[PDB]
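Q: Below is the file run.pdb, which contains PDB, C-alpha atoms.
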```pdb
ATOM      1  CA  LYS A   1      15.975   6.807  -9.061  1.00  0.00           C
ATOM      2  CA  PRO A   2      14.148   9.915  -7.737  1.00  0.00           C
ATOM      3  CA  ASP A   3      11.924  11.739 -10.124  1.00  0.00           C
ATOM      4  CA  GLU A   4      13.631  15.179 -10.814  1.00  0.00           C
ATOM      5  CA  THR A   5      10.714  16.077 -13.171  1.00  0.00           C
ATOM      6  CA  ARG A   6       7.899  16.429 -10.719  1.00  0.00           C
ATOM      7  CA  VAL A   7       7.073  19.314  -8.491  1.00  0.00           C
ATOM      8  CA  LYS A   8       7.458  18.647  -4.824  1.00  0.00           C
ATOM      9  CA  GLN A   9       4.319  18.675  -2.735  1.00  0.00           C
ATOM     10  CA  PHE A  10       3.544  20.713   0.400  1.00  0.00           C
ATOM     11  CA  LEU A  11       4.227  17.866   2.837  1.00  0.00           C
ATOM     12  CA  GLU A  12       7.693  17.377   1.358  1.00  0.00           C
ATOM     13  CA  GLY A  13       8.727  20.651   3.049  1.00  0.00           C
ATOM     14  CA  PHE A  14       8.680  18.992   6.454  1.00  0.00           C
ATOM     15  CA  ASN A  15      10.436  16.294   8.344  1.00  0.00           C
ATOM     16  CA  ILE A  16       8.674  12.966   8.033  1.00  0.00           C
ATOM     17  CA  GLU A  17       9.251  11.953  11.687  1.00  0.00           C
ATOM     18  CA  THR A  18       7.119  14.973  12.782  1.00  0.00           C
ATOM     19  CA  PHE A  19       4.052  13.453  11.035  1.00  0.00           C
ATOM     20  CA  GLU A  20       1.422  11.229  12.650  1.00  0.00           C
ATOM     21  CA  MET A  21      -1.009   8.824  11.096  1.00  0.00           C
ATOM     22  CA  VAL A  22      -4.337   9.681  12.667  1.00  0.00           C
ATOM     23  CA  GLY A  23      -6.446   7.385  10.463  1.00  0.00           C
ATOM     24  CA  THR A  24      -7.746   6.651   7.005  1.00  0.00           C
ATOM     25  CA  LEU A  25     -10.474   8.084   4.845  1.00  0.00           C
ATOM     26  CA  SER A  26     -12.296   6.544   1.935  1.00  0.00           C
ATOM     27  CA  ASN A  27     -14.653   8.287  -0.398  1.00  0.00           C
ATOM     28  CA  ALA A  28     -15.621   8.638  -4.039  1.00  0.00           C
ATOM     29  CA  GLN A  29     -12.089   9.864  -4.837  1.00  0.00           C
ATOM     30  CA  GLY A  30     -10.438   6.712  -3.352  1.00  0.00           C
ATOM     31  CA  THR A  31      -8.541   5.949  -0.111  1.00  0.00           C
ATOM     32  CA  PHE A  32      -6.543   8.577   1.730  1.00  0.00           C
ATOM     33  CA  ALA A  33      -4.303   8.380   4.837  1.00  0.00           C
ATOM     34  CA  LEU A  34      -5.043  11.116   7.385  1.00  0.00           C
ATOM     35  CA  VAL A  35      -1.617  12.565   8.310  1.00  0.00           C
ATOM     36  CA  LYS A  36      -1.404  15.050  11.095  1.00  0.00           C
ATOM     37  CA  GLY A  37       1.532  17.400  10.521  1.00  0.00           C
ATOM     38  CA  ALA A  38       2.540  20.764   9.142  1.00  0.00           C
ATOM     39  CA  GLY A  39      -0.238  22.467  11.029  1.00  0.00           C
ATOM     40  CA  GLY A  40      -3.271  20.401  10.149  1.00  0.00           C
ATOM     41  CA  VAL A  41      -4.606  17.046   8.968  1.00  0.00           C
ATOM     42  CA  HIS A  42      -3.859  16.097   5.371  1.00  0.00           C
ATOM     43  CA  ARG A  43      -5.573  13.636   3.057  1.00  0.00           C
ATOM     44  CA  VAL A  44      -2.748  11.672   1.505  1.00  0.00           C
ATOM     45  CA  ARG A  45      -3.106   8.973  -1.126  1.00  0.00           C
ATOM     46  CA  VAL A  46      -0.760   6.283  -2.478  1.00  0.00           C
ATOM     47  CA  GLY A  47       1.764   7.933  -4.737  1.00  0.00           C
ATOM     48  CA  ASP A  48       1.725  11.223  -2.774  1.00  0.00           C
ATOM     49  CA  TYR A  49       5.000  12.171  -1.100  1.00  0.00           C
ATOM     50  CA  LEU A  50       5.844  12.870   2.556  1.00  0.00           C
ATOM     51  CA  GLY A  51       8.945  14.437   3.990  1.00  0.00           C
ATOM     52  CA  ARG A  52      12.173  15.663   2.554  1.00  0.00           C
ATOM     53  CA  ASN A  53      13.633  12.384   1.121  1.00  0.00           C
ATOM     54  CA  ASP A  54      11.243  11.546  -1.711  1.00  0.00           C
ATOM     55  CA  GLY A  55       9.071   9.502   0.656  1.00  0.00           C
ATOM     56  CA  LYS A  56       6.477   7.977  -1.605  1.00  0.00           C
ATOM     57  CA  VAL A  57       3.323   6.718   0.065  1.00  0.00           C
ATOM     58  CA  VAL A  58       3.054   3.064  -0.984  1.00  0.00           C
ATOM     59  CA  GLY A  59       0.679   1.455   1.542  1.00  0.00           C
ATOM     60  CA  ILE A  60      -2.283   2.707   3.543  1.00  0.00           C
ATOM     61  CA  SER A  61      -3.758   0.175   5.979  1.00  0.00           C
ATOM     62  CA  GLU A  62      -5.977   0.831   9.071  1.00  0.00           C
ATOM     63  CA  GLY A  63      -3.454   2.295  11.374  1.00  0.00           C
ATOM     64  CA  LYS A  64      -0.153   2.299   9.298  1.00  0.00           C
ATOM     65  CA  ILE A  65       0.997   4.356   6.316  1.00  0.00           C
ATOM     66  CA  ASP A  66       3.976   2.731   4.496  1.00  0.00           C
ATOM     67  CA  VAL A  67       6.444   5.050   2.828  1.00  0.00           C
ATOM     68  CA  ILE A  68       9.447   4.299   0.681  1.00  0.00           C
ATOM     69  CA  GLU A  69      12.126   6.987   0.539  1.00  0.00           C
ATOM     70  CA  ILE A  70      14.888   7.154  -2.016  1.00  0.00           C
ATOM     71  CA  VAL A  71      18.249   8.538  -1.000  1.00  0.00           C
ATOM     72  CA  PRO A  72      21.554   8.627  -2.872  1.00  0.00           C
ATOM     73  CA  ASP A  73      24.291   6.047  -2.445  1.00  0.00           C
ATOM     74  CA  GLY A  74      27.055   8.552  -2.565  1.00  0.00           C
ATOM     75  CA  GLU A  75      28.148   6.076  -5.177  1.00  0.00           C
ATOM     76  CA  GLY A  76      25.953   7.379  -7.950  1.00  0.00           C
ATOM     77  CA  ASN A  77      23.039   5.111  -7.143  1.00  0.00           C
ATOM     78  CA  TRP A  78      19.910   5.233  -5.008  1.00  0.00           C
ATOM     79  CA  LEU A  79      18.680   3.194  -2.193  1.00  0.00           C
ATOM     80  CA  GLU A  80      15.211   2.632  -0.961  1.00  0.00           C
ATOM     81  CA  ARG A  81      14.459   2.948   2.703  1.00  0.00           C
ATOM     82  CA  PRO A  82      11.116   2.287   4.442  1.00  0.00           C
ATOM     83  CA  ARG A  83       9.362   4.744   6.723  1.00  0.00           C
ATOM     84  CA  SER A  84       6.207   3.862   8.587  1.00  0.00           C
ATOM     85  CA  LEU A  85       3.688   6.053  10.312  1.00  0.00           C
ATOM     86  CA  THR A  86       1.523   4.007  12.648  1.00  0.00           C
ATOM     87  CA  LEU A  87      -1.821   4.958  14.104  1.00  0.00           C
TER      88      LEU A  87
END
```
Would you give me this structure, written as structure tokens?
A:
Amino acid sequence: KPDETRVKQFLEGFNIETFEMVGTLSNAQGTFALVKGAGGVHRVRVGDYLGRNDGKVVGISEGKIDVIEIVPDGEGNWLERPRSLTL
């Protein structure tokens, strides 16, 4: 199930397929995917969201960000769907 409590993030105002993985960044605050989209390059960590379908960032490897989106069944349940952004 989607989390209706949380506040959607900036990058959830945009279509996921418009985004590009342009690399990865690691520093004292952890590991971030570099996601080029919505007018600049964003530092995105696991658990952050991308796109309009509750796309949770679940994997960040050199050259691919794994996302799992959650969309309704129509049937009162929810289905998980992968999205990938590759470098």
Q: Considering all atoms listed in the file, state which residue in the set A:28, A:87, A:21, A:67 is at the smallest distance from residue 48 (chain A).
A: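 Closest to residue 48 (chain A), using all atoms listed in the file: A:67.
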Q: Run the PyMOL selection byres ((chain A and resi 52) around 7) on the file and write out the hits as a PyMOL selection string.
A: chain A and resi 12-15+50-51+53-54
Q: Write out as an MDAnalysis selection string the residues lying within 9 Å of residue 1 (chain A), counting only C-alpha atoms and excluding same-chain residues fewer than 6 positions away.
A: chainID A and resid 70:72 77:79
Q: Would you mind telling me which residue in A:82, A:55, A:74, A:63 lies nearest to residue 2 (chain A) when using all atoms listed in the file?
A: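 Checking each of A:82, A:55, A:74, A:63 against residue 2 (chain A), counting all atoms listed in the file, the winner is A:55.
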Q: Written as a PyMOL selection string, what is the full residue list that the PyMOL selection byres ((chain A and resi 25-27) around 10) yields on the file shown?
A: chain A and resi 23-24+28-34+43-45+60+62
Q: Which value, in Å to one decimal, gives the distance between CA of residue 37 (chain A) and CA of residue 8 (chain A)?
A: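 Going from CA of residue 37 (chain A) over to CA of residue 8 (chain A) covers 16.5 Å.
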Q: For CA of residue 85 (chain A) and CA of residue 57 (chain A), quote the distance in Å rounded to one decimal.
A: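 Separating CA of residue 85 (chain A) from CA of residue 57 (chain A) is a distance of 10.3 Å.
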Q: For CA of residue 42 (chain A) and CA of residue 4 (chain A), determine how far apart the two atoms are, in Å to one decimal place.
A: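 Going from CA of residue 42 (chain A) over to CA of residue 4 (chain A) covers 23.8 Å.
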Q: What are the centre and the three edge lengths of an axis-aligned box that wraps all atoms of region 71-86 of chain A in the file, given that 5 Å is added to every side, written as AutoDock Vina command-line options and rounded to one decimal in Å?
A:
```
--center_x 14.8 --center_y 5.5 --center_z 2.3 --size_x 36.6 --size_y 16.3 --size_z 30.6
```
Q: Restricting the calculation to only C-alpha atoms, which member of A:73, A:56, A:9, A:65 is positioned closest to residue 36 (chain A)?
A: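 That would be A:65, the residue with the smallest distance to residue 36 (chain A).
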Q: Given the choices A:16, A:22, A:7, A:68, which gets closest to residue 86 (chain A) if the distance is worked out from only C-alpha atoms?
A: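 Among the listed residues, the smallest separation from residue 86 (chain A) belongs to A:22.
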